[PDB]
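Okay, so here's the structure we're looking at.
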Amino acid sequence: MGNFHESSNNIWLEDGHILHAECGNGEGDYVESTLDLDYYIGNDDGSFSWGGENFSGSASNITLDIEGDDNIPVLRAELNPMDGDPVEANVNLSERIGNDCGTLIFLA
């Protein structure tokens, strides 16, 4: 899973596409890393898809909010499906987002 959220600091989103977080390596220090969703996440039928891209290309007001008692970075934004009428999509970055040696990585 994307425990990186639990082992990372300053978790948020910029312009709804750029991710920033300080993930450690193990020695005891933190490492500032970032990940691009515009090339990692896409829009699948008005929903979020892990491993896609250009998700924002058909989305609006894309922002990341915390949800749960464990503080899980959830990205919510209105996506435009192929059928019609945009639907509110919500994806938890922690779902498939990890931190390798402090660097931001994706669960593949």
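Position 85 of the sequence shown, counted from 1, bears residue number 85 in the deposited numbering, the numbering being contiguous throughout.
Yeah, the Cβ is synthetic: ideal placement off N, Cα and C, and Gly gets one too.
{"Item": "Which of the three DSSP states, helix, strand or coil, is assigned to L93?", "Value": "helix"}
{"Item": "Beta-carbon within less than 7 angstroms of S8's beta-carbon, same chain only, minus the 5 sequence neighbours each way: which residues are those?", "Value": "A21, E22, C23, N99"}
{"Item": "Less than 9 angstroms separating the beta-carbons of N25 and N43?", "Value": "no"}
{"Item": "From which residue to which residue does the beta strand (DSSP E) around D36 run?", "Value": "30-36"}
{"Item": "Spatial neighbours of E88 within its chain, please: CB distance less than 7 angstroms, with the 5 preceding and 5 following residues excluded, ordered by chain position.", "Value": "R76, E78"}
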